[PDB]
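Colleague: Protein chains in written order, with this note's numbering: chain A, 44 to 311; chain B, -14 to 193; chain C, 83 to 237; chain D, 1438 to 1629; chain E, 75 to 243. Cβ coordinates follow ideal geometry from the N, Cα and C atoms, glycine included. Quick one: this structure, given as structure tokens, is what I'll be asking you about.
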Amino acid sequence: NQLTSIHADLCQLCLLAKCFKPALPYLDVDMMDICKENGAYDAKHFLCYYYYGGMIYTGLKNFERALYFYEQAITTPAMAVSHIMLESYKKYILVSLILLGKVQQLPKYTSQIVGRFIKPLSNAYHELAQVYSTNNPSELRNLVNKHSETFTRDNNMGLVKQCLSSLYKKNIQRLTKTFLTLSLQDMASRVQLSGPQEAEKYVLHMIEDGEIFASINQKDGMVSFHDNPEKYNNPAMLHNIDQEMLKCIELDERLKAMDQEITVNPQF
Amino acid sequence: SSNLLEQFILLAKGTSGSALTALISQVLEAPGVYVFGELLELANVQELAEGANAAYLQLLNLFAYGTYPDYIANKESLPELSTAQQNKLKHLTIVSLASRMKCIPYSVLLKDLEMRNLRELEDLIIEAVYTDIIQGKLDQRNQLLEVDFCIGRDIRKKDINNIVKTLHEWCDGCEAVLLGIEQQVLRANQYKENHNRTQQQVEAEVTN
Amino acid sequence: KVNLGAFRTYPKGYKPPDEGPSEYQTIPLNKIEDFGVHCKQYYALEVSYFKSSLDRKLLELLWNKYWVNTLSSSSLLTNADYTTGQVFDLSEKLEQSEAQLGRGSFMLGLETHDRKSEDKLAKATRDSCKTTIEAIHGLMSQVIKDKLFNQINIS
Amino acid sequence: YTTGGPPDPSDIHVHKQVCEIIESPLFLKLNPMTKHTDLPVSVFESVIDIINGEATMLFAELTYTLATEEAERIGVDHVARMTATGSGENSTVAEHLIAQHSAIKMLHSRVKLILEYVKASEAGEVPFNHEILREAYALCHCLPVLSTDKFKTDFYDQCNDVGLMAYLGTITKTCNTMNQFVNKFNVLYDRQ
Amino acid sequence: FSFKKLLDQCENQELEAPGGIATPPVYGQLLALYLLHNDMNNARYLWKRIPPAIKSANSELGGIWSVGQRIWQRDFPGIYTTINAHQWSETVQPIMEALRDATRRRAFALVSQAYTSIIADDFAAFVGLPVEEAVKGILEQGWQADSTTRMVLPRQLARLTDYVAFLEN
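So this is what it looks like as structure tokens:
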């Protein structure tokens, strides 16, 4: 799994032609050590590859890989502002707001332009994470129509729509830690779903996707919220650890060859 | 016992007739004799029939092939026992189910031996531990009985094939594991030799 | 190097007033000041080697009947408190490595001699691998037992 | 061992008392003349064989080698030289694998000694005895020991505990080589 | 999987044989295979890739997308109504037949894992079977069925030795 200028252009073809099937064998495995011999890469290809690759994991319901892809395009240092760096920080907030409730901090080796120029220019995205911590669907709807002019000029339409449904799913998972068997009528007041009939339809979508495990008790008009009865004692879990450890022993062997090469060349 | 088995096989081959009928009841009454294979295949007990002589032949077959429920179903046709012959039949019932299955649940022994609790059911099993008859362990979580060592009832003329089959997998099975351990030593030793050579030749060229 | 050496401490009334180190080895930078003073209390001797003894001949007759105890392995349950207790000491070593990388032992004017214990990240690696090798060593004694006896079954 | 030359019939009666101690003894004879390639020594093993109906304990020569262990050669060379030894490989992994490699070889010999014992009683060698069959029937019946649902839920639980600790220790070894490469790359190649 | 091999062999011919615009019958095979695997994300993006001149000329592609519209909304009574309306007699018929079996299997794993006391009047609209046939098949499996209420109650050594020498030296 190597990287080059050809691999960066392959991700651009998947953006125009909406078909993420060929982009699966070339993105499911992490890549390292680019192919270099006479010069075939540039700084613009390293920022356009991570920006185009993050959009594939976003639509594929793969938020675990989308957060890592969008983080590499921000940590790259620069001297001024650019269109790629601006769209990378705006999408970093919308992705982190779906998984957790607050935006993750930036590393120490990040660029200073993001925290001095991109941060004040992205005032419409920074205020969105402040209201998300309060968990209020009435106040979140007022920010969509207010910042509608900013989401259209920055071609960010569709990414903010996933955060609207994420607040309703977060309130259901929040009641699982506090409450246990809440009534169907009481669940339509905190989450605000207008009627108990709309509450039974929203909880059924999380069962098919696998975000939470619950059981609807129609005999009493309530709903139960239990945890996952998995002690991780199946023999299939041991094979996942052995398969994941095969990539750790290979990454250390590759770093030993690069460390001996630098020691051969004279340094200060 | 073991010295008493060589005395009952010598008196049965010297006399016959009415003296053989009285010798069958003396073997089952005297403790220590837990084998009945060398006395059933003989031609002395086969000649006992017609009347009370035929009841002793059927009783010897139930003590080797039958179990405890097989005796209570025909107690009117077989002679009665005492306080020692009844307890000896319960020892053969435990070793009978162990020859077919490795683990026997407690619900099976509670129905065959007709008990009500677990200690009274296991009371006849622990008595055979000190006499080197039944040796094993008791399970409480799974409510099973893992019988490890037990008597072979008769002289083992039908289940003798499992003895050589179990020992063949223990001797031939060690050769397959030995090839994997020996191959792991050569792979681990070769990795240390290649790492020591690649770490000394790359550090000596730094000064030049 | 096979370190081996016999010494004999002189009693009261026979210690030399000045005597150099007869058998000098390696000493870490902590107790090196006491080596130049306590060396006059004893002296090294030229060690030799020969073949005789008697204890190395009766251990074979015992192994004919004591071989049932040599297979008592399963080190994962013997010193189980030492393996778990070693992870608590590793957390204290990892916390010291975070302050070493943040402050840095390479300052202006005086470098590679600022902190007391340097290379905290390199020393914490061997301590983390010690809890891993000792953990998998006890498992190897159990897997080898499930491949020679548990793989037999019965008909 | 003994000093003499050609094999004498008097040494056969002395070797018979040695088998009563160890199950696999060895014989050695020193010859003043040449015989092998290096030192004039030869090792023999007690091999019994029938000769015209009479079973005699003969001998069989073998070909010996050098040191077959790195952890042992470093201790033998330091004894005869009585000076110093060169720094080589201690083989720490080989010092721990002898506990499991020798256990299989020791268990493979114990099964072979009892395999021919029960097989001889069934064929025609050992006479048909009811005491031998009743003492070796339930001996192998206990196999396998503890192979039910109680051991299956405990063996997989112990493997997952040490398996997770191996992942946290493997990532620490990679960070050691990564720190040596980062410090050597951010100075010569990078200047910021 | 058996049906997963047909999807991988169909995408290779889509990016090799056509030079710009593909063929209608191939677009119907990729959209029908994506609906069986319950992958609405790849099925929605594939429908947008088709130019509008192909959808307006080929009426067979409109019937396939009509069944996929109810899958995104996850409406069980709305699946069987769209299947028996627009069908193609070529390569979609053997694929559309397997889609009806996946709908009943999807409700079996969803009701038995979220509805511990499903209503018998509403359970018939989730599997397609009538009310007189839904209460009969559940009794042969193991699920109870109450009366006068219409309520149904459903529900190694080679790897360890390699890590020893790797971490030690």
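Along the chain, where does the beta strand (DSSP E) that runs through residue 1466 of chain D open and close?
Modeller: Element bounds for residue 1466 of chain D: 1463 to 1467.
Colleague: Please report whether the beta-carbon of residue 173 of chain B lies at a distance below 8 angstroms from any beta-carbon of chain E.
Modeller: Taking Cβ atoms only, chain E reaches closer than 8 angstroms to residue 173 of chain B, which makes this a yes.
Colleague: On a CA-only basis, which of B:136, B:93 and B:65 is nearest residue 19 of chain B? Give me that one, please.
Modeller: Checking every option, the nearest Cα to that of residue 19 of chain B belongs to B:136.
Colleague: To be precise: take each residue of the segment 134 to 163 of chain B, compare its Cβ to all Cβ atoms of chain C, and keep it if any distance is under 7 angstroms. Which residues remain?
Modeller: Listed by position along the chain: 147, 150, 151, 154, 155, 158, 159 and 162.
Colleague: Identify which residue in A:144, A:184 and A:199 has its Cα closest to the Cα of residue 165 of chain A.
Modeller: Nearest C-alpha to residue 165 of chain A: A:199.
Colleague: Assuming residue 1497 of chain D is part of the beta strand (DSSP E), what are its boundary residues?
Modeller: Element bounds for residue 1497 of chain D: 1491 to 1498.
Colleague: Below 7 angstroms CB to CB, which residues in the same chain sit around residue 209 of chain C once its five sequence neighbours on both sides are set aside?
Modeller: 172 and 175, listed in sequence order.
Colleague: On the three-state DSSP scale, how would you describe residue 115 of chain C?
Modeller: DSSP places residue 115 of chain C in coil when its eight states are reduced to three.
Colleague: My output table needs one value for residue 164 of chain C: the three-state DSSP class, helix, strand or coil.
Modeller: Helix, per DSSP.
Colleague: Count Cβ pairs between the segment 150 to 164 of chain C and the segment 181 to 199 of chain C that sit closer than 8 angstroms; are there 3 or more?
Modeller: Not touching, per the Cβ criterion.
Colleague: Could you tell me whether any Cβ in chain C is nearer than 8 angstroms to the Cβ of residue 87 of chain B?
Modeller: Residue 87 of chain B counts as touching chain C.
Colleague: According to the Cβ coordinates, are residue 210 of chain A and residue 183 of chain A closer than 8 angstroms?
Modeller: Yes, the Cβ-Cβ distance between residue 210 of chain A and residue 183 of chain A is below 8 angstroms.
Colleague: Residues of the segment 136 to 158 of chain C with a CB closer than 7 angstroms to any CB of chain B: list them in chain order, please.
Modeller: For the segment 136 to 158 of chain C, which is checked against every Cβ of chain B, not one residue is closer than 7 angstroms.
Colleague: Check whether chain B comes within 8 angstroms of residue 306 of chain A, counting only Cβ atoms and requiring the distance to be less than that.
Modeller: At least one chain B Cβ lies under 8 angstroms of residue 306 of chain A.
Colleague: Taking 8 angstroms as the threshold (beta carbon to beta carbon), is residue 234 of chain C in contact with chain E?
Modeller: No, no contact with chain E.
Colleague: According to DSSP, what are the bridge partners of residue 218 of chain E?
Modeller: BP columns for residue 218 of chain E point to E:227.
Colleague: Along the beta strand (DSSP E) that carries residue 90 of chain B, what are the first and last residues, could you check?
Modeller: Its beta strand (DSSP E) spans residues 88 to 90.
Colleague: Identify the contact partners of residue 237 of chain E in chain C, using a Cβ-Cβ distance below 7 angstroms as the criterion.
Modeller: In chain order: 218.
Colleague: In chain order, what residues of the same chain lie with their CB nearer than 6 angstroms to the CB of residue 104 of chain C, ignoring the 5 residues before and after it?
Modeller: Cβ within range, chain order: 125 and 126.
Colleague: Does residue 1500 of chain D get closer than 8 angstroms to chain E when you measure Cβ to Cβ?
Modeller: Cβ-Cβ to chain E under 8 angstroms: no for residue 1500 of chain D.
Colleague: May I ask you to list the residues that DSSP assigns as paired with residue 265 of chain A?
Modeller: According to DSSP, residue 265 of chain A bridges with A:226 and A:260.
Colleague: Who are residue 189 of chain E's beta bridge partners in DSSP?
Modeller: DSSP output for residue 189 of chain E lists A:259 as bridge partner(s).
Colleague: Along chain D, which residues have their Cβ under 9 angstroms away from the Cβ of residue 73 of chain B?
Modeller: Near residue 73 of chain B there are no residues of chain D at all, since even the closest Cβ is about 16 angstroms away, more than 9 angstroms.
Colleague: Over the uninterrupted alpha helix (DSSP H) stretch that includes residue 281 of chain A, give me the two end residues.
Modeller: That run of the alpha helix (DSSP H) goes 278 to 307.
Colleague: Please list, in chain order, the chain E residues whose beta carbon lies closer than 9 angstroms to that of residue 103 of chain A.
Modeller: Under the 9 angstroms cutoff, chain E gives 115 and 116.
Colleague: In three-state terms, what does DSSP make of residue 132 of chain B?
Modeller: In the structure shown, residue 132 of chain B sits in a strand (DSSP, three-state: E or B).
Colleague: Locate the alpha helix (DSSP H) running through residue 1548 of chain D, then write down its first and last residues.
Modeller: Start and end: 1529 to 1559.
Colleague: Can you tell which of A:48, A:152 and A:75 has its C-alpha closest to the C-alpha of residue 81 of chain A?
Modeller: For the residues A:48, A:152 and A:75, the minimum Cα distance to residue 81 of chain A belongs to A:48.
Colleague: Give the range of the beta strand (DSSP E) segment to which residue 1482 of chain D is assigned.
Modeller: Run containing residue 1482 of chain D: 1478 to 1488, per the beta strand (DSSP E) assignment.
Colleague: Can you name the residues of chain B whose CB is closer than 8 angstroms to the CB of residue 232 of chain E?
Modeller: Here the neighbours are 165 and 169.
Colleague: Applying the criterion that 16 or more other CB atoms from any shown protein chain within 10 Å of the CB defines a buried residue, is residue 275 of chain A buried or exposed?
Modeller: Residue 275 of chain A should be labelled exposed.
Colleague: Tell me which same chain residues have a C-beta within less than 7 angstroms of the C-beta of residue 167 of chain A, skipping the five on either side of it?
Modeller: Correct list, in chain order: 190 and 193.
Colleague: Near residue 238 of chain C, what residues of its chain come up, given a Cβ to Cβ distance below 7 angstroms and the 5 sequence neighbours on each side ignored?
Modeller: Limits of chain C in this structure are 83 at one end and 237 at the other, which puts residue 238 of chain C out of reach.
Colleague: Out of curiosity, what's the CA-to-CA distance linking residue 102 of chain B and residue 168 of chain C?
Modeller: When rounded, the distance between both Cα atoms is 48 angstroms.
Colleague: Measuring alpha carbon to alpha carbon, tell me which of D:1495, D:1500, D:1487 and D:1488 ends up nearest residue 1480 of chain D.
Modeller: When each option's Cα is compared against that of residue 1480 of chain D, the closest is D:1500.
Colleague: Flag this pair as yes or no: are the beta carbons of residue 172 of chain A and residue 133 of chain A separated by less than 8 angstroms?
Modeller: No, the pair does not count as a contact, with Cβ atoms beyond the cut-off.
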